[PDB]
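Student: Input structure: data30.txt, which contains compact mmCIF, N, CA and C atoms.
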# COMPACT_ATOMS: atom_id res chain seq x y z
N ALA A 49 -15.21 -4.04 4.10
CA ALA A 49 -13.96 -4.83 4.10
C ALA A 49 -14.05 -5.97 3.11
N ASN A 50 -12.96 -6.21 2.38
CA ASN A 50 -12.87 -7.32 1.43
C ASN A 50 -13.95 -7.21 0.35
N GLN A 51 -13.87 -6.14 -0.44
CA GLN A 51 -14.76 -5.97 -1.58
C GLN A 51 -14.52 -7.07 -2.60
N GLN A 52 -13.28 -7.53 -2.63
CA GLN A 52 -12.89 -8.64 -3.48
C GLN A 52 -12.11 -9.65 -2.66
N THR A 53 -12.51 -10.91 -2.72
CA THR A 53 -11.83 -11.95 -1.97
C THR A 53 -11.35 -13.05 -2.92
N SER A 54 -10.44 -12.68 -3.81
CA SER A 54 -9.91 -13.61 -4.78
C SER A 54 -8.65 -14.28 -4.24
N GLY A 55 -7.63 -13.47 -4.00
CA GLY A 55 -6.37 -13.99 -3.53
C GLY A 55 -6.13 -13.70 -2.06
N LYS A 56 -6.45 -14.67 -1.21
CA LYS A 56 -6.16 -14.58 0.20
C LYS A 56 -5.19 -15.68 0.60
N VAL A 57 -4.35 -15.40 1.58
CA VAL A 57 -3.32 -16.33 1.99
C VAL A 57 -3.60 -16.87 3.38
N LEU A 58 -3.41 -18.17 3.56
CA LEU A 58 -3.63 -18.80 4.85
C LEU A 58 -2.33 -18.92 5.62
N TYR A 59 -2.34 -18.48 6.87
CA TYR A 59 -1.20 -18.63 7.75
C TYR A 59 -1.68 -19.13 9.11
N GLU A 60 -1.21 -20.32 9.48
CA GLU A 60 -1.52 -20.92 10.79
C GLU A 60 -3.02 -21.05 11.04
N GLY A 61 -3.79 -20.99 9.97
CA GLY A 61 -5.23 -21.15 10.08
C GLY A 61 -6.01 -19.88 9.82
N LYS A 62 -5.32 -18.74 9.76
CA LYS A 62 -5.98 -17.47 9.48
C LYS A 62 -5.70 -17.03 8.05
N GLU A 63 -6.61 -16.27 7.48
CA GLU A 63 -6.44 -15.80 6.11
C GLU A 63 -6.20 -14.29 6.05
N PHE A 64 -5.23 -13.91 5.25
CA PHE A 64 -4.88 -12.52 5.04
C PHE A 64 -4.82 -12.20 3.56
N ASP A 65 -4.67 -10.92 3.25
CA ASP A 65 -4.57 -10.48 1.87
C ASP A 65 -3.38 -11.14 1.17
N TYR A 66 -2.18 -10.74 1.54
CA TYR A 66 -0.98 -11.33 0.98
C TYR A 66 0.05 -11.60 2.06
N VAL A 67 0.12 -12.83 2.54
CA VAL A 67 1.19 -13.21 3.45
C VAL A 67 2.35 -13.78 2.65
N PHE A 68 3.56 -13.41 3.04
CA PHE A 68 4.76 -13.87 2.36
C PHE A 68 5.25 -15.16 2.99
N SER A 69 5.87 -16.02 2.19
CA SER A 69 6.40 -17.27 2.69
C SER A 69 7.92 -17.15 2.79
N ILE A 70 8.42 -17.26 4.01
CA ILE A 70 9.82 -17.02 4.29
C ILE A 70 10.55 -18.32 4.60
N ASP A 71 11.56 -18.62 3.79
CA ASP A 71 12.43 -19.75 4.05
C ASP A 71 13.82 -19.25 4.43
N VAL A 72 14.41 -19.89 5.43
CA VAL A 72 15.76 -19.55 5.86
C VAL A 72 16.33 -20.69 6.69
N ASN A 73 15.48 -21.29 7.50
CA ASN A 73 15.83 -22.48 8.25
C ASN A 73 15.35 -23.71 7.51
N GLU A 74 16.21 -24.71 7.40
CA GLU A 74 15.82 -25.96 6.76
C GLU A 74 15.41 -26.97 7.82
N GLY A 75 14.20 -27.47 7.70
CA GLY A 75 13.68 -28.38 8.70
C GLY A 75 13.11 -27.64 9.89
N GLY A 76 11.82 -27.37 9.85
CA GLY A 76 11.19 -26.62 10.90
C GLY A 76 9.99 -25.84 10.40
N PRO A 77 9.46 -24.91 11.21
CA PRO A 77 8.30 -24.10 10.84
C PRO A 77 8.63 -23.07 9.77
N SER A 78 7.72 -22.90 8.83
CA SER A 78 7.87 -21.88 7.80
C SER A 78 7.38 -20.53 8.33
N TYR A 79 7.96 -19.45 7.84
CA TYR A 79 7.59 -18.13 8.30
C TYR A 79 6.65 -17.48 7.30
N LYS A 80 5.48 -17.04 7.75
CA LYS A 80 4.54 -16.39 6.85
C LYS A 80 4.28 -14.96 7.31
N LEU A 81 4.34 -14.03 6.37
CA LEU A 81 4.21 -12.61 6.68
C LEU A 81 2.89 -12.04 6.14
N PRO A 82 1.83 -12.10 6.94
CA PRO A 82 0.50 -11.60 6.56
C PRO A 82 0.45 -10.09 6.36
N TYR A 83 0.25 -9.68 5.12
CA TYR A 83 0.21 -8.27 4.76
C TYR A 83 -1.14 -7.90 4.16
N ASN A 84 -1.74 -6.85 4.69
CA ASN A 84 -2.90 -6.23 4.06
C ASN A 84 -2.39 -5.09 3.21
N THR A 85 -2.86 -4.98 1.98
CA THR A 85 -2.22 -4.09 1.01
C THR A 85 -2.29 -2.62 1.39
N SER A 86 -3.11 -2.30 2.38
CA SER A 86 -3.25 -0.93 2.84
C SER A 86 -2.50 -0.69 4.16
N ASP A 87 -1.64 -1.63 4.54
CA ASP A 87 -0.86 -1.52 5.77
C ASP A 87 0.59 -1.20 5.44
N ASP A 88 1.31 -0.59 6.38
CA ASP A 88 2.70 -0.18 6.14
C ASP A 88 3.66 -1.36 6.30
N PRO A 89 4.72 -1.42 5.47
CA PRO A 89 5.69 -2.52 5.50
C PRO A 89 6.28 -2.75 6.88
N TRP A 90 6.92 -1.72 7.41
CA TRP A 90 7.61 -1.81 8.69
C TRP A 90 6.65 -2.21 9.80
N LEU A 91 5.38 -1.88 9.65
CA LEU A 91 4.37 -2.24 10.64
C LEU A 91 3.98 -3.70 10.49
N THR A 92 3.54 -4.08 9.29
CA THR A 92 3.15 -5.45 9.00
C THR A 92 4.27 -6.43 9.34
N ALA A 93 5.49 -6.08 8.95
CA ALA A 93 6.63 -6.93 9.19
C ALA A 93 6.94 -7.01 10.67
N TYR A 94 6.79 -5.88 11.35
CA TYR A 94 7.03 -5.81 12.78
C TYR A 94 6.00 -6.68 13.50
N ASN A 95 4.77 -6.65 13.00
CA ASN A 95 3.68 -7.46 13.54
C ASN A 95 4.06 -8.93 13.55
N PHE A 96 4.48 -9.44 12.40
CA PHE A 96 4.91 -10.83 12.30
C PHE A 96 6.15 -11.08 13.13
N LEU A 97 7.07 -10.12 13.12
CA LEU A 97 8.31 -10.26 13.86
C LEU A 97 8.05 -10.43 15.36
N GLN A 98 7.19 -9.59 15.92
CA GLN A 98 6.85 -9.71 17.34
C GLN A 98 5.91 -10.89 17.58
N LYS A 99 5.17 -11.28 16.54
CA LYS A 99 4.21 -12.36 16.65
C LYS A 99 4.91 -13.71 16.72
N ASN A 100 5.92 -13.91 15.89
CA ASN A 100 6.60 -15.19 15.84
C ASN A 100 7.90 -15.14 16.63
N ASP A 101 8.14 -13.99 17.27
CA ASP A 101 9.33 -13.77 18.10
C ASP A 101 10.61 -13.83 17.27
N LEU A 102 10.67 -13.05 16.19
CA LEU A 102 11.84 -13.03 15.33
C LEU A 102 12.73 -11.85 15.69
N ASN A 103 13.92 -11.85 15.12
CA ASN A 103 14.90 -10.81 15.38
C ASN A 103 14.58 -9.56 14.56
N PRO A 104 14.73 -8.37 15.18
CA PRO A 104 14.42 -7.07 14.55
C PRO A 104 15.23 -6.84 13.27
N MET A 105 16.29 -7.62 13.09
CA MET A 105 17.09 -7.54 11.88
C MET A 105 16.28 -7.97 10.65
N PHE A 106 15.26 -8.78 10.88
CA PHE A 106 14.47 -9.35 9.79
C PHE A 106 13.48 -8.33 9.25
N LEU A 107 13.16 -7.35 10.09
CA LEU A 107 12.11 -6.37 9.82
C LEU A 107 12.28 -5.69 8.46
N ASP A 108 13.49 -5.30 8.12
CA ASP A 108 13.73 -4.62 6.84
C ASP A 108 13.49 -5.56 5.66
N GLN A 109 13.96 -6.80 5.78
CA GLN A 109 13.82 -7.79 4.72
C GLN A 109 12.35 -8.04 4.40
N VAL A 110 11.58 -8.35 5.44
CA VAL A 110 10.16 -8.64 5.27
C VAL A 110 9.39 -7.41 4.78
N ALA A 111 9.70 -6.26 5.35
CA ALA A 111 9.02 -5.02 4.99
C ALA A 111 9.30 -4.63 3.54
N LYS A 112 10.53 -4.82 3.10
CA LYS A 112 10.90 -4.49 1.73
C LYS A 112 10.19 -5.39 0.73
N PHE A 113 10.00 -6.65 1.09
CA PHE A 113 9.26 -7.56 0.23
C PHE A 113 7.79 -7.14 0.18
N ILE A 114 7.25 -6.78 1.35
CA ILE A 114 5.92 -6.21 1.45
C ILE A 114 5.73 -5.08 0.44
N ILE A 115 6.68 -4.15 0.47
CA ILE A 115 6.65 -2.99 -0.40
C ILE A 115 6.61 -3.39 -1.86
N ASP A 116 7.51 -4.28 -2.27
CA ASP A 116 7.64 -4.63 -3.68
C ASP A 116 6.37 -5.27 -4.22
N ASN A 117 5.61 -5.93 -3.35
CA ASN A 117 4.33 -6.51 -3.74
C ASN A 117 3.41 -5.44 -4.33
N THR A 118 3.41 -4.26 -3.72
CA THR A 118 2.58 -3.15 -4.19
C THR A 118 3.40 -2.15 -5.00
N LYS A 119 4.72 -2.26 -4.90
CA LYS A 119 5.63 -1.40 -5.64
C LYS A 119 5.81 -1.91 -7.07
N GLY A 120 6.71 -2.86 -7.26
CA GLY A 120 6.89 -3.46 -8.56
C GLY A 120 8.27 -3.20 -9.14
N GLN A 121 9.30 -3.63 -8.43
CA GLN A 121 10.67 -3.48 -8.90
C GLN A 121 11.36 -4.84 -8.98
N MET A 122 11.06 -5.72 -8.03
CA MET A 122 11.63 -7.06 -8.01
C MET A 122 10.74 -8.04 -8.76
N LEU A 123 9.52 -8.20 -8.27
CA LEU A 123 8.60 -9.18 -8.85
C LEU A 123 7.39 -8.51 -9.51
N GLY A 124 7.26 -7.21 -9.32
CA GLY A 124 6.15 -6.48 -9.93
C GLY A 124 6.41 -6.16 -11.39
N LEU A 125 7.00 -4.99 -11.63
CA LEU A 125 7.35 -4.53 -12.98
C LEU A 125 6.10 -4.30 -13.84
N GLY A 126 5.69 -5.33 -14.57
CA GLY A 126 4.62 -5.16 -15.54
C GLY A 126 5.06 -4.31 -16.71
N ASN A 127 6.25 -4.61 -17.21
CA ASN A 127 6.87 -3.80 -18.27
C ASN A 127 6.71 -4.47 -19.63
N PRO A 128 6.79 -3.68 -20.71
CA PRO A 128 6.82 -4.21 -22.07
C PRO A 128 8.14 -4.91 -22.38
Represent the supplied structure as structure tokens.

Tutor:
Amino acid sequence: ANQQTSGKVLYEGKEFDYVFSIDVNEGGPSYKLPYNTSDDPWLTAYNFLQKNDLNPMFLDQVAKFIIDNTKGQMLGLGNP
């Protein structure tokens, strides 16, 4: 596990591969979505959703961002 430990994200005191930082409420706790790059979007997102007690409506949003991290259409790309 963790052959490379370069970019890890801290959430509530724990470190994960890539946790996402979610803003939507102004003034209050920030939402962090801890994703391991070998885990499924809908699962990882569901994990945080049930963990922080969020609405199932959020699951697609968080999961899709998860995907793009390893996909590359929104922030990935890497194009000429």

Student: Using backbone DSSP assignments, extract all helix (DSSP H, G or I) residues from chain A; output them as a VMD selection string.

Tutor: chain A and resid 89 to 99 106 to 118

Student: Go ahead and write the residues just picked, N, CA and C atoms, as a PDB file, keeping the file's coordinate frame.

Tutor:
ATOM      1  N   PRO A  89       4.720  -1.420   5.470  1.00  0.00           N
ATOM      2  CA  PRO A  89       5.690  -2.520   5.500  1.00  0.00           C
ATOM      3  C   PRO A  89       6.280  -2.750   6.880  1.00  0.00           C
ATOM      4  N   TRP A  90       6.920  -1.720   7.410  1.00  0.00           N
ATOM      5  CA  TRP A  90       7.610  -1.810   8.690  1.00  0.00           C
ATOM      6  C   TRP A  90       6.650  -2.210   9.800  1.00  0.00           C
ATOM      7  N   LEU A  91       5.380  -1.880   9.650  1.00  0.00           N
ATOM      8  CA  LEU A  91       4.370  -2.240  10.640  1.00  0.00           C
ATOM      9  C   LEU A  91       3.980  -3.700  10.490  1.00  0.00           C
ATOM     10  N   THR A  92       3.540  -4.080   9.290  1.00  0.00           N
ATOM     11  CA  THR A  92       3.150  -5.450   9.000  1.00  0.00           C
ATOM     12  C   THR A  92       4.270  -6.430   9.340  1.00  0.00           C
ATOM     13  N   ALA A  93       5.490  -6.080   8.950  1.00  0.00           N
ATOM     14  CA  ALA A  93       6.630  -6.930   9.190  1.00  0.00           C
ATOM     15  C   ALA A  93       6.940  -7.010  10.670  1.00  0.00           C
ATOM     16  N   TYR A  94       6.790  -5.880  11.350  1.00  0.00           N
ATOM     17  CA  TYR A  94       7.030  -5.810  12.780  1.00  0.00           C
ATOM     18  C   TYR A  94       6.000  -6.680  13.500  1.00  0.00           C
ATOM     19  N   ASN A  95       4.770  -6.650  13.000  1.00  0.00           N
ATOM     20  CA  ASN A  95       3.680  -7.460  13.540  1.00  0.00           C
ATOM     21  C   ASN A  95       4.060  -8.930  13.550  1.00  0.00           C
ATOM     22  N   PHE A  96       4.480  -9.440  12.400  1.00  0.00           N
ATOM     23  CA  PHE A  96       4.910 -10.830  12.300  1.00  0.00           C
ATOM     24  C   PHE A  96       6.150 -11.080  13.130  1.00  0.00           C
ATOM     25  N   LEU A  97       7.070 -10.120  13.120  1.00  0.00           N
ATOM     26  CA  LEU A  97       8.310 -10.260  13.860  1.00  0.00           C
ATOM     27  C   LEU A  97       8.050 -10.430  15.360  1.00  0.00           C
ATOM     28  N   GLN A  98       7.190  -9.590  15.920  1.00  0.00           N
ATOM     29  CA  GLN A  98       6.850  -9.710  17.340  1.00  0.00           C
ATOM     30  C   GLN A  98       5.910 -10.890  17.580  1.00  0.00           C
ATOM     31  N   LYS A  99       5.170 -11.280  16.540  1.00  0.00           N
ATOM     32  CA  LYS A  99       4.210 -12.360  16.650  1.00  0.00           C
ATOM     33  C   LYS A  99       4.910 -13.710  16.720  1.00  0.00           C
ATOM     34  N   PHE A 106      15.260  -8.780  10.880  1.00  0.00           N
ATOM     35  CA  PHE A 106      14.470  -9.350   9.790  1.00  0.00           C
ATOM     36  C   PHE A 106      13.480  -8.330   9.250  1.00  0.00           C
ATOM     37  N   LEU A 107      13.160  -7.350  10.090  1.00  0.00           N
ATOM     38  CA  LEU A 107      12.110  -6.370   9.820  1.00  0.00           C
ATOM     39  C   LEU A 107      12.280  -5.690   8.460  1.00  0.00           C
ATOM     40  N   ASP A 108      13.490  -5.300   8.120  1.00  0.00           N
ATOM     41  CA  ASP A 108      13.730  -4.620   6.840  1.00  0.00           C
ATOM     42  C   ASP A 108      13.490  -5.560   5.660  1.00  0.00           C
ATOM     43  N   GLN A 109      13.960  -6.800   5.780  1.00  0.00           N
ATOM     44  CA  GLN A 109      13.820  -7.790   4.720  1.00  0.00           C
ATOM     45  C   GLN A 109      12.350  -8.040   4.400  1.00  0.00           C
ATOM     46  N   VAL A 110      11.580  -8.350   5.440  1.00  0.00           N
ATOM     47  CA  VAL A 110      10.160  -8.640   5.270  1.00  0.00           C
ATOM     48  C   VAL A 110       9.390  -7.410   4.780  1.00  0.00           C
ATOM     49  N   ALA A 111       9.700  -6.260   5.350  1.00  0.00           N
ATOM     50  CA  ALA A 111       9.020  -5.020   4.990  1.00  0.00           C
ATOM     51  C   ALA A 111       9.300  -4.630   3.540  1.00  0.00           C
ATOM     52  N   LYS A 112      10.530  -4.820   3.100  1.00  0.00           N
ATOM     53  CA  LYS A 112      10.900  -4.490   1.730  1.00  0.00           C
ATOM     54  C   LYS A 112      10.190  -5.390   0.730  1.00  0.00           C
ATOM     55  N   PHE A 113      10.000  -6.650   1.090  1.00  0.00           N
ATOM     56  CA  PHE A 113       9.260  -7.560   0.230  1.00  0.00           C
ATOM     57  C   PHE A 113       7.790  -7.140   0.180  1.00  0.00           C
ATOM     58  N   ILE A 114       7.250  -6.780   1.350  1.00  0.00           N
ATOM     59  CA  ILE A 114       5.920  -6.210   1.450  1.00  0.00           C
ATOM     60  C   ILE A 114       5.730  -5.080   0.440  1.00  0.00           C
ATOM     61  N   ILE A 115       6.680  -4.150   0.470  1.00  0.00           N
ATOM     62  CA  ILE A 115       6.650  -2.990  -0.400  1.00  0.00           C
ATOM     63  C   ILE A 115       6.610  -3.390  -1.860  1.00  0.00           C
ATOM     64  N   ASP A 116       7.510  -4.280  -2.270  1.00  0.00           N
ATOM     65  CA  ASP A 116       7.640  -4.630  -3.680  1.00  0.00           C
ATOM     66  C   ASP A 116       6.370  -5.270  -4.220  1.00  0.00           C
ATOM     67  N   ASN A 117       5.610  -5.930  -3.350  1.00  0.00           N
ATOM     68  CA  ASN A 117       4.330  -6.510  -3.740  1.00  0.00           C
ATOM     69  C   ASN A 117       3.410  -5.440  -4.330  1.00  0.00           C
ATOM     70  N   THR A 118       3.410  -4.260  -3.720  1.00  0.00           N
ATOM     71  CA  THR A 118       2.580  -3.150  -4.190  1.00  0.00           C
ATOM     72  C   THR A 118       3.400  -2.150  -5.000  1.00  0.00           C
TER      73      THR A 118
END

Student: Which residues come within 9 Å of residue 56 of chain A, counting only C-alpha atoms, excluding same-chain residues fewer than 5 positions away, as a ChimeraX atom specification?

Tutor: /A:63-67

Student: One number please: atom C of residue 99 of chain A to atom N of residue 69 of chain A, in Å, one decimal.

Tutor: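 About the pair atom C of residue 99 of chain A and atom N of residue 69 of chain A: they are 14.7 Å apart.
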
Student: Build an axis-aligned box that encloses every atom of segment 78-91 of chain A listed in the file, pad it by 6 Å on each side, and report its centre and edge lengths in Å to one decimal, as lines of an AutoDock Vina configuration file.

Tutor:
center_x = 2.4
center_y = -11.5
center_z = 5.8
size_x = 23.2
size_y = 34.7
size_z = 21.6

Student: To one decimal in Å, tell me the separation between atom C of residue 104 of chain A and atom CA of residue 83 of chain A.

Tutor: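 If I compute the distance from atom C of residue 104 of chain A to atom CA of residue 83 of chain A, I get 17.3 Å.
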
Student: Between atom CA of residue 81 of chain A and atom CA of residue 111 of chain A, what distance in Å does the model show, to one decimal?

Tutor: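 These two atoms are separated by 9.1 Å.
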
Student: Pick the closest to residue 106 of chain A from A:73, A:90, A:124, A:60: which is it, counting only C-alpha atoms?

Tutor: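 With only C-alpha atoms as the atom set, the closest residue is A:90.
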
Student: Could I get segment 56-76 of chain A rebuilt with N, CA, C and O atoms, written as a compact mmCIF listing (two decimals), keeping the file's coordinate frame?

Tutor:
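Written out: result15.txt:
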# COMPACT_ATOMS: atom_id res chain seq x y z
N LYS A 56 -6.45 -14.67 -1.21
CA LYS A 56 -6.16 -14.58 0.20
C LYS A 56 -5.19 -15.68 0.60
O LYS A 56 -5.20 -16.77 0.02
N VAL A 57 -4.35 -15.40 1.58
CA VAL A 57 -3.32 -16.33 1.99
C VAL A 57 -3.60 -16.87 3.38
O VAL A 57 -3.98 -16.12 4.27
N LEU A 58 -3.41 -18.17 3.56
CA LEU A 58 -3.63 -18.80 4.85
C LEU A 58 -2.33 -18.92 5.62
O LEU A 58 -1.31 -19.38 5.09
N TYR A 59 -2.34 -18.48 6.87
CA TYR A 59 -1.20 -18.63 7.75
C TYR A 59 -1.68 -19.13 9.11
O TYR A 59 -2.52 -18.51 9.76
N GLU A 60 -1.21 -20.32 9.48
CA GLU A 60 -1.52 -20.92 10.79
C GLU A 60 -3.02 -21.05 11.04
O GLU A 60 -3.46 -21.22 12.18
N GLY A 61 -3.79 -20.99 9.97
CA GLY A 61 -5.23 -21.15 10.08
C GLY A 61 -6.01 -19.88 9.82
O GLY A 61 -7.23 -19.92 9.68
N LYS A 62 -5.32 -18.74 9.76
CA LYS A 62 -5.98 -17.47 9.48
C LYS A 62 -5.70 -17.03 8.05
O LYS A 62 -4.67 -17.38 7.49
N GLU A 63 -6.61 -16.27 7.48
CA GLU A 63 -6.44 -15.80 6.11
C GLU A 63 -6.20 -14.29 6.05
O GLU A 63 -6.87 -13.51 6.73
N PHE A 64 -5.23 -13.91 5.25
CA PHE A 64 -4.88 -12.52 5.04
C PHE A 64 -4.82 -12.20 3.56
O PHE A 64 -4.92 -13.09 2.73
N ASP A 65 -4.67 -10.92 3.25
CA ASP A 65 -4.57 -10.48 1.87
C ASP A 65 -3.38 -11.14 1.17
O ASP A 65 -3.56 -12.03 0.34
N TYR A 66 -2.18 -10.74 1.54
CA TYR A 66 -0.98 -11.33 0.98
C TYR A 66 0.05 -11.60 2.06
O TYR A 66 0.77 -10.69 2.47
N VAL A 67 0.12 -12.83 2.54
CA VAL A 67 1.19 -13.21 3.45
C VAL A 67 2.35 -13.78 2.65
O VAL A 67 2.16 -14.51 1.67
N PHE A 68 3.56 -13.41 3.04
CA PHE A 68 4.76 -13.87 2.36
C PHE A 68 5.25 -15.16 2.99
O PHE A 68 5.07 -15.38 4.18
N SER A 69 5.87 -16.02 2.19
CA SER A 69 6.40 -17.27 2.69
C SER A 69 7.92 -17.15 2.79
O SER A 69 8.61 -16.97 1.79
N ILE A 70 8.42 -17.26 4.01
CA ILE A 70 9.82 -17.02 4.29
C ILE A 70 10.55 -18.32 4.60
O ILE A 70 10.20 -19.04 5.54
N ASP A 71 11.56 -18.62 3.79
CA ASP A 71 12.43 -19.75 4.05
C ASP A 71 13.82 -19.25 4.43
O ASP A 71 14.33 -18.29 3.86
N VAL A 72 14.41 -19.89 5.43
CA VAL A 72 15.76 -19.55 5.86
C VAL A 72 16.33 -20.69 6.69
O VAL A 72 17.51 -21.03 6.58
N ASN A 73 15.48 -21.29 7.50
CA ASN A 73 15.83 -22.48 8.25
C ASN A 73 15.35 -23.71 7.51
O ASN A 73 14.23 -23.74 7.00
N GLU A 74 16.21 -24.71 7.40
CA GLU A 74 15.82 -25.96 6.76
C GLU A 74 15.41 -26.97 7.82
O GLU A 74 16.19 -27.28 8.72
N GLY A 75 14.20 -27.47 7.70
CA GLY A 75 13.68 -28.38 8.70
C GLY A 75 13.11 -27.64 9.89
O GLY A 75 13.84 -27.32 10.84
N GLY A 76 11.82 -27.37 9.85
CA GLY A 76 11.19 -26.62 10.90
C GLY A 76 9.99 -25.84 10.40
O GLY A 76 9.52 -26.08 9.29
